[PDB]
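Report on one structure; see the data block that follows.
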2 protein chains.
Amino acid sequence: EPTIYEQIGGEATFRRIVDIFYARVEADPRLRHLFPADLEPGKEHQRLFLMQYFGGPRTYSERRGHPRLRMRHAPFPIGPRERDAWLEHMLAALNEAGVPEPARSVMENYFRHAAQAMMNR
Amino acid sequence: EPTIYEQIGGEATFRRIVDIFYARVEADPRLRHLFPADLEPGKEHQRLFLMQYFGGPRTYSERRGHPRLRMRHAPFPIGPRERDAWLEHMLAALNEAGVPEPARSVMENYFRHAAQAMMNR
Ligand code: HEM
Ligand code: HEM
């Protein structure tokens, strides 16, 4: 059976999601300060991670090793404020990119869980 | 063409914007300390400025002369953190006050530039 990666149109669709997400992050003074001056490497890492998580190429683990996202987010103070902002933008990206059901629901479910689990304050 | 002021509903809309903005300022320790004990005179001055800038009455100039905003903000140490806090609350105020597009975007564009250019430390 098709992976979600396949269900939603593969790499091109993840590119679109991450583009919308990062545009919103860049424009959000609640969040911009946490990110580097050069956003591009992180934007690439996020695209590759999502592609991998949802059944696509394992390019992410080739570049970056194990995700260990909770450890990677430890340097950023993340409370409900940051969580809510992040989720707002990623769900808007999902919805704006036209991801079809049922995959869109799986992705939302994952993000709601993962955003909560990333909080550290 | 009609002014932004007219497009967004005039004085009444700016009152809503500034009320929401100042409520947020008062509740934000990043900013509150910069403002005087009595916020009301400055609140009215800010409302009149916005009204004038976006094409409404020239009441601001009658009361305060030229805006000279960078000069007037010199007494306040304003860096990236203060910029970010101000912009967060003003952008939220535009959204919560119901400012329609495309006018809202013009106002956002102006604020993003002005907030950056106000920094002095
Ligand atoms: C579902 C929740 C989240 C997921 C799936 C996610 C995913 C990722 C991934 C894959 C990376 C790149 C890791 C790497 O360097 O290989 C990353 C980095 C980052 N994330 Fe998240 N994240 C989430 C939540 C958050 C939240 C809540 C915040 C802050 C509000 C945040 C801010 C950051 C920042 C600042 C970076 C560093 C970016 C860079 O190095 O350029 N993330 N995230
Ligand atoms: C787009 C950026 C900004 C605009 C358009 C703006 C506009 C104004 C205006 C029109 C006034 C009243 C001027 C007068 O006295 O006649 C004012 C005062 C003031 N502004 Fe701003 N401002 C901006 C950025 C900031 C920032 C970044 C801060 C601090 C983070 C700040 C803090 C203050 C304070 C403390 C006052 C004095 C208020 C009072 O005297 O009651 N402003 N601003």
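When a ligand or atom number is given, it counts from 1 through the structure's own listing order. The figures that follow rest on heavy atoms only: side chains count, while hydrogens, waters and symmetry mates do not. Every chain is numbered from 1, with letters handed out A, B, ... down the list of sequences.
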Flag the pair B/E26 / B/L31 as yes when at least one side-chain heavy-atom distance between them is below 4.5 Å, and no otherwise.
-> no
Contact check, B/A85 vs ligand 2, heavy-atom distance below 4.0 Å | no
May I ask you to check if ligand 1 and A/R64 share an N or O to N or O distance below 3.5 Å?
-> yes
Heavy-atom count around B/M71 CE within 6.0 Å, excluding the residue itself: above 12?
-> yes
Counting from 1, what ligand 1 atoms have a heavy atom of A/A115 closer than 4.0 Å?
-> 1 (C), 2 (C)
For ligand 1, which atoms have a heavy atom of A/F111 less than 4.0 angstrom away?
-> 1 (C)
Looking only at protein heavy atoms, which one is nearest to atom 5 (C) of ligand 1, and how far off is it?
-> A/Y110 OH, 3.8 Å
Can you tell me if CZ on A/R81 sees more than 12 non-hydrogen neighbours from other groups inside 6.0 Å?
-> yes
Closest non-hydrogen protein atom to atom 1 (C) of ligand 2, residue and atom name please, with distance?
-> B/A114 CB, 3.1 Å
Here the atoms of ligand 1 under 4.0 Å from any heavy atom belonging to A/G42 are 41 (O)
Give the C-alpha distance, both sets of side-chain angles, the deciding distance and a yes or no for ring pair (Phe, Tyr, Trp, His ring centres under 6.0 Å) between A/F76 and A/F35.
-> CA-CA 9 Å; A/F76 319 120; A/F35 290 77; 7.2 Å; no
For atom 12 (C) of ligand 1, closest protein heavy-atom neighbour | A/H45 CB, 4.0 Å
Same apolar cluster: B/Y53 and B/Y5, side chain cutoff 4.5 Å = yes
Would one find more than 12 heavy atoms of other residues, nucleotides or ligands at under 6.0 Å from atom NE2 of B/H33?
-> yes
Return the number of protein N, O or S atoms with a distance to atom 21 (Fe) of ligand 1 smaller than 2.8 Å.
-> 1
Please indicate whether A/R58 has more than 12 foreign heavy atoms, meaning atoms of other residues, nucleotides or ligands, lying under 6.0 Å from its CZ.
-> no
Any atoms of ligand 2 less than 4.0 Å from a non-hydrogen atom of B/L34? List them with their elements.
-> 29 (C), 35 (C)
Applying a strict 4.0 Å limit to heavy atoms, is A/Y60 in contact with ligand 1?
-> yes
Parallel, tilted or perpendicular for B/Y60 and B/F49, by the 30°/60° rule?
-> perpendicular
Under 4.0 Å between heavy atoms, the region of B/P36 that gets near ligand 2 turns out to be side chain
What are the atoms of ligand 2, with element, lying closer than 4.0 Å to any heavy atom of B/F49?
-> 10 (C)
Could an N or O of ligand 2 be found under 3.5 Å from any N or O of B/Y22, whether backbone or side chain?
-> no
On the 0 to 90° scale, with breaks at 30° and 60°, tag the B/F54-B/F14 ring pair as parallel, tilted or perpendicular.
-> parallel
Per-atom filter on ligand 2: closer than 4.0 angstrom to a heavy atom of B/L31 are 29 (C), 30 (C)
Starting from atom 38 (C) of ligand 2, find the nearest protein heavy-atom neighbour and note its residue, name and distance.
-> B/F35 CD2, 3.8 Å
From B/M119 CE over to B/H73 NE2, what is the distance, rounded to the nearest 0.5 angstrom?
-> 13.0 Å
Check: A/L91 main-chain N/O paired with A/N95 side-chain donor or acceptor under 3.5 Å | yes
B/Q46 side chain vs B/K43 backbone, donor-acceptor pair below 3.5 Å | no
Do B/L48 and B/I20 share a hydrophobic cluster (ILVMFWY, side-chain heavy atoms under 4.5 Å, transitive)?
-> no
